[PDB]
2 protein chains.
Amino acid sequence: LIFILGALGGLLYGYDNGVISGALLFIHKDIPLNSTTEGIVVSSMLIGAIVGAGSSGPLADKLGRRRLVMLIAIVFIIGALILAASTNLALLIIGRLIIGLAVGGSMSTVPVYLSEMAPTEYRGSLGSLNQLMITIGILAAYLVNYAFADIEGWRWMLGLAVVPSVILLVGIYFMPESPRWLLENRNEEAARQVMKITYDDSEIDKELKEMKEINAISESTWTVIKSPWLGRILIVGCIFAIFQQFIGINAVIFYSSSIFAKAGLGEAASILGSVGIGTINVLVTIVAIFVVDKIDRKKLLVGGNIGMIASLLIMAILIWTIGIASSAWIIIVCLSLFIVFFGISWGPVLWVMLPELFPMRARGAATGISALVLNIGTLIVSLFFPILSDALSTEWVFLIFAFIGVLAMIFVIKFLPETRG
Amino acid sequence: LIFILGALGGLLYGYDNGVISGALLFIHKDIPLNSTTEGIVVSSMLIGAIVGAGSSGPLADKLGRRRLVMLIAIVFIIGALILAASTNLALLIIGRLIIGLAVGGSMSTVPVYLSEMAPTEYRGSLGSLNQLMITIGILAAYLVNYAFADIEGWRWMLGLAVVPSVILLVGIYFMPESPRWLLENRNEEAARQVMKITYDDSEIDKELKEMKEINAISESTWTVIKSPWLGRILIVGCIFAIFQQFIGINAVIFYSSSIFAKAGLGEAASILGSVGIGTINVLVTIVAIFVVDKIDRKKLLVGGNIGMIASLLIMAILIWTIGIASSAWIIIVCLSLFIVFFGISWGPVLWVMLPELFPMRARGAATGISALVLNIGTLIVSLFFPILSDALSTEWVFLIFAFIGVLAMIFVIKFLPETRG
């Protein structure tokens, strides 16, 4: 219920990166100039993600949850509709900026007001349902996207990023006061209140115990965090965020659409190609909950780095072999083979270990930095890499990242495997 | 038991390569110094194989076919009981040599002697039956090699190499004069009426016809052969024969009894590893009885060497991570793959495609010469490659052999057309 209506927001993360997948689909007749400053177009977008997400947690420390999350819904309608129009260097750089601050802000403030309204004991396989909600986000994203046939129409679909944002305006219009914000800030009244607003009186002395212990323990042991062994280990989870986001899907979907153009002369395969790619990825973000439990905590992510390195190997081969068309129908096949691997390990499973890895001591400042660095990753990707997809007639992409499947596989086996068997 | 003891000529043949398998398991206890001389020794095998294989045919046109197949089986008794003792490296050089000459005699002579004494209605897909019995010869070869628990006992089993060496001989013991040898060389009386004894005179009008017709148009077409454009197609049927052995198990077999024990740490995995893997070979060869016709030959050479390079790299990074207790376990494995993709594809399929390439009417000079260049490949792998095994701790064979299955991935859709149509 209430959960699926916030899931419309996780979904919003989905449609946002799926309509810039679609923005790297429909770009050229909106006059980008060029794939390089499209690199800087998406660079602008995820920069917004960074100063926005950097600015997320602490701006939340100043002003509280409710009107904040609302303010961000407002930023979403505002931004999406602002980029429902395109004029100059200004509104491209700028529009991308505001929408990005909105994205970073979004996925950063979901789980904390989710922690305040929903008990700490609820973050599980249903939160993973929030992740595959991001995924179906991709579904209707590119679906609607190609489903429109000319120029002002995907700007119009930024407006159709507004329609949900205004029901995501409405999505946060409805919440009573911010409960665990109250619980930490000594105003505990309205906390205890919404707490009885929904589930009736039984377990809340112990759930009060639980989340008050998460904010009071984070507030107790953030004392040793700024500097060493915690700090160093976290910059390993940062270099992890790096080796992880670097053979990585965000920008990968952007130029998935982009060479769904730069390969094949007419876009019907930007529909069976894009919506196929992602229907597969929903299928896969769904096998998520299966294989977090099912397979293991290592050989899966290894196998992911592997199958990546493979579909990138053959695919790059068909690429230089001058066979860019066979490398295209097979681009579907190869890079979607790759898609099935991104899905079977390194989206959810890696993460499930990641908070499972630290002591129960702290989360927010730390994991939020691994965040900043991770985004940092995405950004270098989107910036730089669409630029050498334009020129080389490129064999280089998938090889450089098979060796990134390799140095993040080096990451894999000297850092989070277990050697034997 | 005609084509059963003849195919026992096949099984002897492969059994020589497996012989060196249980060998590359027991090497260092025989007075070797060192793995390099192992290289020059299976080299010596395949050099005896080289002169023994070319001079099969012209010698067969000088002193006859019957005496020739017989003579070769005896080259088997000589080379094998010779190869059944040891003092210093000499009997290894000259032994693997004579043993070699007989083997070359097998591949070059025996299916054509089966071509004389049996109508031109057989040596095809049941010549592929001969293929089945040889992979049992190989499989059972190093199977028994590593069943015998000591060196003087597998020497006991090179005398036991003389055993099947003389049964094909027995297979040719009671045998009469060579029928199509008569049929082209003007002695044909016995040819016509042997064509009478074997298969009963109904189609042998059309078959005595088919082979005196092809004997005829061979008498007409061996002249426009040896120089350009036809020499261009033979040059590349020989590059066919080289990306047939630079990618293959004619190293990996014996030196996989080497890697299942000398990597695999105990030869336990030389029986389960090497023989077990050999039965995986047999599995995919039954798969070869059936998969001739339906999907493609070209694109499974494709997926084949594709997957060659799959396990080629996998092996490779599985090793640079230096996990070799567990990297060997996954190496019976990795192998099982390379052997399985080689199995779906280029052990049999390239070899049937050389008759499916060059004219119906002119075959022999070009396919036997393609075989000469073939063996050049095999022996290059023999000498050069296992000598590197005492050297670099290698990502490097199968990262190399990856690149081999690689330009073996590029030369396919760059050159090869498809043969079904």
# chains A, B, ... in the order shown; residues from 1 in each chain; ligands from 1
>>> select_by_dssp(residues="range 263-392 of chain B", states="helix (DSSP H, G or I)", output="ChimeraX atom specification")
/B:268-291,298-320,324-344,349-353,364-390
>>> calpha_fit_rmsd(fixed="chain B", moving="chain A")
1.7 Å
>>> interface_residues(of="chain B", to="chain A", cutoff="10 Å", atoms="only C-alpha atoms", output="list in words")
residues 302, 303, 306, 307, 309, 310, 311, 313, 314, 317, 318, 320, 321, 322, 323, 324, 325, 326, 327, 329, 330, 406, 407, 409, 410, 411, 413 and 414 of chain B
>>> closest_residue(among="A:216, A:112, A:252, A:101", to="residue 383 in chain A", atoms="only C-alpha atoms")
A:252
>>> residues_around(residues="residue 295 in chain A", least_positions_apart="5", cutoff="10 Å", atoms="only C-alpha atoms", output="PyMOL selection string")
chain A and resi 290+300+344-345
>>> residues_around(residues="range 29-37 of chain A", least_positions_apart="2", cutoff="8 Å", atoms="only C-alpha atoms", output="VMD selection string")
chain A and resid 26 to 27 39 to 41 86 151 383 to 384 386 to 387 390
>>> residues_around(residues="residue 352 in chain A", least_positions_apart="3", cutoff="12 Å", atoms="only C-alpha atoms", output="mmCIF file with N, CA, C and O atoms, in the first residue's frame")
data_model
loop_
_atom_site.group_PDB
_atom_site.id
_atom_site.type_symbol
_atom_site.label_atom_id
_atom_site.label_comp_id
_atom_site.auth_asym_id
_atom_site.auth_seq_id
_atom_site.Cartn_x
_atom_site.Cartn_y
_atom_site.Cartn_z
ATOM 1 N N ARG A 123 13.292 -3.610 6.188
ATOM 2 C CA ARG A 123 14.143 -3.200 5.062
ATOM 3 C C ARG A 123 14.463 -4.282 4.016
ATOM 4 O O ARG A 123 15.168 -4.014 3.040
ATOM 5 N N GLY A 124 13.940 -5.491 4.211
ATOM 6 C CA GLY A 124 14.400 -6.688 3.514
ATOM 7 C C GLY A 124 13.873 -6.896 2.103
ATOM 8 O O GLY A 124 13.816 -5.958 1.291
ATOM 9 N N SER A 125 13.558 -8.151 1.788
ATOM 10 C CA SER A 125 13.212 -8.568 0.432
ATOM 11 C C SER A 125 12.168 -7.642 -0.222
ATOM 12 O O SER A 125 12.080 -7.566 -1.449
ATOM 13 N N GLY A 127 12.347 -4.277 0.367
ATOM 14 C CA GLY A 127 13.213 -3.196 -0.071
ATOM 15 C C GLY A 127 13.848 -3.603 -1.388
ATOM 16 O O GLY A 127 14.062 -2.782 -2.296
ATOM 17 N N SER A 128 14.150 -4.894 -1.503
ATOM 18 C CA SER A 128 14.630 -5.409 -2.785
ATOM 19 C C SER A 128 13.524 -5.260 -3.835
ATOM 20 O O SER A 128 13.800 -5.070 -5.027
ATOM 21 N N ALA A 288 16.955 -11.690 -8.390
ATOM 22 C CA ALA A 288 17.696 -11.130 -7.260
ATOM 23 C C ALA A 288 17.393 -11.830 -5.941
ATOM 24 O O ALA A 288 18.257 -12.516 -5.396
ATOM 25 N N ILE A 289 16.168 -11.671 -5.443
ATOM 26 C CA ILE A 289 15.779 -12.240 -4.150
ATOM 27 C C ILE A 289 16.028 -13.741 -4.101
ATOM 28 O O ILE A 289 16.313 -14.301 -3.037
ATOM 29 N N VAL A 291 18.606 -15.414 -5.762
ATOM 30 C CA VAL A 291 20.027 -15.735 -5.639
ATOM 31 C C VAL A 291 20.824 -14.967 -4.561
ATOM 32 O O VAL A 291 22.020 -15.213 -4.394
ATOM 33 N N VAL A 292 20.187 -14.052 -3.829
ATOM 34 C CA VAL A 292 20.847 -13.517 -2.639
ATOM 35 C C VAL A 292 20.955 -14.690 -1.667
ATOM 36 O O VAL A 292 22.031 -14.988 -1.134
ATOM 37 N N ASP A 293 19.824 -15.371 -1.491
ATOM 38 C CA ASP A 293 19.720 -16.574 -0.682
ATOM 39 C C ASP A 293 20.369 -17.781 -1.377
ATOM 40 O O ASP A 293 21.291 -18.399 -0.839
ATOM 41 N N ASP A 296 25.309 -18.098 -3.474
ATOM 42 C CA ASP A 296 26.416 -17.855 -2.551
ATOM 43 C C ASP A 296 26.624 -16.363 -2.349
ATOM 44 O O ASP A 296 25.865 -15.536 -2.857
ATOM 45 N N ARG A 297 27.648 -16.030 -1.574
ATOM 46 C CA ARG A 297 28.088 -14.651 -1.447
ATOM 47 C C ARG A 297 29.320 -14.268 -2.297
ATOM 48 O O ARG A 297 29.746 -13.115 -2.268
ATOM 49 N N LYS A 298 29.886 -15.222 -3.048
ATOM 50 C CA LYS A 298 31.055 -14.935 -3.913
ATOM 51 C C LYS A 298 30.978 -15.398 -5.389
ATOM 52 O O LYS A 298 30.950 -14.558 -6.300
ATOM 53 N N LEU A 301 29.229 -13.293 -7.839
ATOM 54 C CA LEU A 301 29.790 -12.036 -8.306
ATOM 55 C C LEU A 301 31.038 -12.267 -9.150
ATOM 56 O O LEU A 301 31.358 -11.478 -10.056
ATOM 57 N N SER A 345 24.392 -11.116 -10.280
ATOM 58 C CA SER A 345 25.164 -10.838 -9.043
ATOM 59 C C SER A 345 25.350 -9.405 -8.506
ATOM 60 O O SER A 345 25.016 -9.133 -7.352
ATOM 61 N N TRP A 346 25.948 -8.525 -9.311
ATOM 62 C CA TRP A 346 26.452 -7.228 -8.833
ATOM 63 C C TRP A 346 25.436 -6.067 -8.688
ATOM 64 O O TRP A 346 25.845 -4.941 -8.385
ATOM 65 N N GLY A 347 24.147 -6.255 -8.966
ATOM 66 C CA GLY A 347 23.226 -5.250 -8.448
ATOM 67 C C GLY A 347 22.898 -5.337 -6.945
ATOM 68 O O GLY A 347 23.483 -4.604 -6.141
ATOM 69 N N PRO A 348 22.028 -6.296 -6.543
ATOM 70 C CA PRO A 348 21.649 -6.550 -5.141
ATOM 71 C C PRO A 348 22.622 -7.327 -4.253
ATOM 72 O O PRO A 348 22.769 -6.924 -3.111
ATOM 73 N N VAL A 349 23.266 -8.386 -4.750
ATOM 74 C CA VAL A 349 24.001 -9.323 -3.879
ATOM 75 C C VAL A 349 25.217 -8.685 -3.197
ATOM 76 O O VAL A 349 25.413 -8.803 -1.971
ATOM 77 N N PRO A 355 26.197 -3.675 3.617
ATOM 78 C CA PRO A 355 25.873 -3.461 5.031
ATOM 79 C C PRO A 355 26.049 -4.704 5.907
ATOM 80 O O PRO A 355 26.265 -4.544 7.106
ATOM 81 N N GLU A 356 25.953 -5.909 5.342
ATOM 82 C CA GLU A 356 26.231 -7.114 6.131
ATOM 83 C C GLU A 356 27.719 -7.159 6.528
ATOM 84 O O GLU A 356 28.099 -7.907 7.431
ATOM 85 N N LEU A 357 28.555 -6.360 5.858
ATOM 86 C CA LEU A 357 30.006 -6.351 6.117
ATOM 87 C C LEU A 357 30.511 -5.501 7.315
ATOM 88 O O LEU A 357 31.357 -5.955 8.088
ATOM 89 N N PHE A 358 29.997 -4.285 7.474
ATOM 90 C CA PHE A 358 30.419 -3.413 8.573
ATOM 91 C C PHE A 358 29.924 -3.898 9.929
ATOM 92 O O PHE A 358 29.019 -4.725 10.003
#
>>> residues_around(residues="residue 240 in chain B", least_positions_apart="6", cutoff="10 Å", atoms="only C-alpha atoms", output="ChimeraX atom specification")
/B:234,350-351,353-354,370-371,373-374,408,411-412,416
>>> residues_around(residues="residue 141 in chain A", least_positions_apart="3", cutoff="6 Å", atoms="only C-alpha atoms", output="PyMOL selection string")
chain A and resi 15+18-19+137-138+144
>>> atom_distance(atom1="CA of residue 57 in chain B", atom2="CA of residue 218 in chain B")
14.9 Å
>>> atom_distance(atom1="CA of residue 140 in chain B", atom2="CA of residue 250 in chain B")
16.0 Å
>>> closest_residue(among="B:172, B:280, B:251, B:107", to="residue 343 in chain B", atoms="only C-alpha atoms")
B:280
